[PDB]
Every structure is written in C-alpha cells, then in structure tokens.
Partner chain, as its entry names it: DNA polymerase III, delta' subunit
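Just the one chain here, laid out as structure tokens, in the form solved without its partner chain.
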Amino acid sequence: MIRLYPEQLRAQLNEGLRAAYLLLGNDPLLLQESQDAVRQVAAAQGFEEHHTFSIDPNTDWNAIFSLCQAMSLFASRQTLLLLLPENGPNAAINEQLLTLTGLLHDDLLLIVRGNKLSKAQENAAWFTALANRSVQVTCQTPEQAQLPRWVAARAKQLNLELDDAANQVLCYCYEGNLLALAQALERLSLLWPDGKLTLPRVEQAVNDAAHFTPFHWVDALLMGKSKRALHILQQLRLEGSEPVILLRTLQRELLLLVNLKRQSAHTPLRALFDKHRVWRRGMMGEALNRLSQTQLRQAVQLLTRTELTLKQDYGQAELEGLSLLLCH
C-alpha cells in the first residue's frame, strides 16, 4: 500500500489510478478535497458515472453490488464512494466489504472515506484484500502549531501575500476549521486582487464582516432562537470548527448583557444602548428583555466552566446546555 498526504495525492494519482482509495481522517475539508482530486483526475479518463453510499445498518448492499456488475450504455467507467459509519467498519460491514473488494473489476474505481481505521480493523478481511492494490490518503486536521503553516502554505498555493501576523489571527478565530480558513482566503482574495492580505484586512475580514459564523449562533441565543440555533451549532461542527472558540465570543456578548442587565433603570434602552458600541437593538433588546439576571449568571457560570473543563478536564453536549439554557 501507498501511504500518502493530501499534498502528495495529485502526484501519485497522475502516475496512474490505483484500484481503490482510502481517505482516512477526521478533517472534513481534506477528505472532500482528496476525494475530488481523485474523481477529477479520474473523470478525465472515462469515469463519467459516480455513486455514493453511506455504510450504516441500512445500506442496501444489493444495489451497491448490482452496480459493480453493471455495464455502461455509453461505455463510461464508474466511481463508487463509500461513507463508513462514524465508529468504523462494523463486524457485519467487514463482510459486505469483503464481498465487494472482490467485485472490484476495472471500469470501477473505489473510494472509502472515514476515520483512522479502528486500530486492529486494518486486519479485517476486505482491508488486507486491497492493502497492496490501493492508495491511502491520511486526512487529519492539523492543529495548533501545525495549523499556521497549513494556512501559510494554502495561501501561497493561491499566490497570496499573507502576513506573518495576519496568518496567526486567521488561525485564532477559525482555529480547527479548515473549510472556514479556506473560504476565508478565497474571499479576501476577491476583495483584494491586489493580493496582499495584511493584518488590517484579515481583522477587517473577521471583524467588520459578519461572516464569523459563531456570531450567527450567539445571535440565535439572544433572539432565543433555540431550534434554528441548534442547527447552526450542528453545522458549526460539520465543518470541523473547534468549540474553544464559540465560548470566547459568547462569553463576551453574554458578559455585556450582564453589564447591560445590571442597568435596566440605571440608564435605559437607548440611553446606555447608545454607549457600548452594539446598537441589534431588537436582539440585545430581546435578550435583557425576555431573559433575566438569575438566568444570565447561570449561563455565565456554565460557559465559564465548560471552557475550564476542556483545559482542566482535557481528553473528553455542554453547549446545547447553554443553547437551550439561554432560552426556556
């Protein structure tokens, strides 16, 4: 088997398509990019048919199999992408996979997407069946130290002149979410054909621009928008965004609502509102309004702690708490 890194795929993919590709990792952008590099290069070699299946306890394996045994009316080859369950290849799944690793003919490339194969699961039948007749791409989310260069790089391969400082900034606010950092850059890119992403512009890109997603969530909180709020909370992690960020922002908005609350009649709605550079009216106005201070402190107590656990309880829901908390 060939073990590769996203920035090596396109190469050992140009030399010649293998028979199967295993995109293993926790990062969602990298997985999506690699499966695209593949189906792209592929699609430019007759592979015009594609199909994706989710491997769970409902996978109509027949269809998948029947699919392999199929012949194109326009002689076009085909791709088959398989989405493994969260945990990994199940015990029954190891069976079906095995069957299929045998139906793998030629006008049929195969991709398997998932997390690092459960430590001894690379012993499974199907795996070893492909092991030397395939390629493995490791799509892991880089992190803290390694995140900067991943951005520094990404920028460069986009022919951008990102500043040392501004790189760090972008890293601080999107930290952990590759898709955000990517699309961020894509965006500043168009806002300045100039090509120079200086600190001020990054800041202006994160600040001025309200495309700092958590703000959308922190928004739902004020507006007591639980349902649609949770949705945002969900997506917020189907992008790979790290929670250590959602808190810090809200942990401010919220702190303000405390400063604001402690002055309902100390100085009132447009009086003190025309003071702290928030004037949202309906929002902060809905919050302090519909929401009390007995509730407010609990929320601050909670969040405060949730962001003390992952630092002093490291290793291993406490956000839907806050969500539902700020409401009901």
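Residue numbers count along the first chain shown, from 1.
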{"query": "Chain break class at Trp279/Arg280 - deposited residues not modelled", "finding": "1 to 3"}
{"query": "Deposited residues omitted from coordinates between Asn14 and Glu15, as a class", "finding": "none"}
{"query": "Comparing 261 to 269 with 30 to 38, the one whose average Cα B-factor in the PDB entry is higher", "finding": "261 to 269"}
{"query": "101 to 109 or 217 to 225, whichever carries the higher mean Cα B-factor", "finding": "217 to 225"}
{"query": "From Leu181, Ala165, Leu82, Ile232, residue of greatest CA B-factor", "finding": "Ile232"}
{"query": "Top residue by Cα temperature factor, when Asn177, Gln96, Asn207, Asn159 are compared in the entry", "finding": "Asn207"}
{"query": "Within-chain third of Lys311 by Cα B-factor, per the entry", "finding": "highest"}
{"query": "Where the record places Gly195 (Cα B-factor, split into thirds across the chain)", "finding": "middle"}
{"query": "Chain third (lowest, middle, highest) by recorded CA B-factor, residue given as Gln140", "finding": "middle"}
{"query": "Among modelled residues of the same chain, the CA temperature factor third for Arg187", "finding": "middle"}
{"query": "Third of the chain's Cα B-factor distribution that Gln293 belongs to, per the entry", "finding": "highest"}
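Not pictured, yet referred to below: the form solved in complex with its partner chain.
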| query | finding |
| --- | --- |
| Among 216 to 224, 243 to 251, 114 to 122, 145 to 153, the region lying within 4.5 Å of its partner chain in the bound PDB entry by heavy atom distance | 243 to 251 |
| Partner contact for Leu255 in the bound PDB entry: its partner chain, 4.5 angstroms, heavy atom | yes |
| Proximity of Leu303 to its partner chain in the bound PDB entry, heavy atoms at 4.5 Å | yes |
| Touches its partner chain in the bound PDB entry: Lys275 (any heavy atom, 4.5 Å) | no |
| Contact flag, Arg297 vs its partner chain in the bound PDB entry, heavy atom cut 4.5 Å | yes |
| Position in contact with its partner chain when the complex is considered in the bound PDB entry, options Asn259, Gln45, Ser264, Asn289, heavy atoms within 4.5 Å | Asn259 |
| Residues within stretch 300 to 314 having a non-hydrogen atom within 4.5 Å of its partner chain in the bound PDB entry | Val300, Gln301, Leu303, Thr304, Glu307, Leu308, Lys311, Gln312, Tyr314 |
